[PDB]
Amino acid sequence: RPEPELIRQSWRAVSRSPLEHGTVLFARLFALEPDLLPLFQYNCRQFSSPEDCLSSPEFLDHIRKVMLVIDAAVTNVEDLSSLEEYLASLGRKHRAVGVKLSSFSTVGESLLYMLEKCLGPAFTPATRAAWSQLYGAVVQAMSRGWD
């Protein structure tokens, strides 16, 4: 299990303003994997129109949802196995809308970048490792959707 106290304490820095911190995660995501941008712009096209996609209700609602799923991983940090079936269903939904499984690895890198910006020196190697472990467990359960 990822160290529960390290996870809970560090998550409090970002969890209460999910769009402020979530937009940081997604800005990093696009800087590391620019090719993801057309996938969101096309999703925006389906919802309404692609203009101002990164300010759109569907794009910001998606950030809120990513932050909510990360919060569930935090509240279930002691036994992440219980989320496995929920996450497998979410992973299968992503594959069905055309998201690459490899893009989830960039989300992990972006999650660590967002946390470090907020925590600075409090983001110790132990805390970074805990988050690496927690996110690893999340992406592993979501990857079941690729079965």
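From 1 onward, residues are counted along the sequence shown.
- Mean CA B-factor, 64 to 72 versus 96 to 104: the higher value falls on 96 to 104.
- Averaged over CA atoms, B-factors in the entry run higher in 31 to 39 than in the other of 31 to 39 and 108 to 116.
- When the C-alpha B factors of 25, 137, 14, 130 are read from the deposited coordinates, the top value falls at 14.
- Among the modelled residues of its chain, residue 44 has a C-alpha B-factor that falls in the middle third according to the deposited record.
- When the modelled residues of the chain are ordered by C-alpha B-factor, residue 145 sits in the highest third.
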